[PDB]
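Let us start with two forms of the same protein chain, each given on its own as structure tokens and named structure 1 and structure 2.
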Structure 1
């Protein structure tokens, strides 16, 4: 099951609230692999606390590194269900406009965009 099916809306709002109290400077992010994905591996965890000062470009590099990919492997990251308009935008700005109602910022990745 996906993160949203795993935890109730109430539980998600609560997780976000706790992250605000304990990690004020981090953006609560949910990163999941596309269900049809075959090449790309699954991450070790689902929710991440990303320093609010990094832009999407750096986050992509971070994710690629956590996945231990090589320069030849394709990587595409969807935010709030759609592709990113700008990769130079600070995640703090991205959060304010693409955040889910429960408070988390959802991302999905796959080999083909």
Structure 2
């Protein structure tokens, strides 16, 4: 199946952001999808999130863990532009300012860990 960027054109995504930011100036439009290579973690019902700009990474990680119904014990990582987000007090507003896509959305993918074994 197609990812978000594949289902909506660039100009179309730019418009989605213009509108949502117009209606919710204190919210950050975030796209969270399961990493293409991830195979153990479940797929979410929705991939579009509107996050209050004050919410920090610690809170985001936890609620997404909840959305996925994971135990604190299970491996979960939320990566932005290739790097994992640390469970800290950094506000999503700062991440948006430095990591957002040219289309206006902030993209994230989540994954767990690979397994190992030999022939």
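Residue numbers count along the first chain shown, from 1. If you superpose the two forms and keep the largest set of C-alpha atoms that fall within 1.5 Å, you have the rigid core. Only residues modelled in both forms are compared.
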2 Å-or-more CA mover between structures 1 and 2, where superposition uses the core and the choices are 30, 67, 84, 60: 84
For residue 11, CA displacement between structures 1 and 2 after the core is overlaid, in Å: 0.6
Structural rearrangement between structures 1 and 2, runs of 3 or more with C-alpha shift of 2 angstroms or more, core superposed: 80 to 88
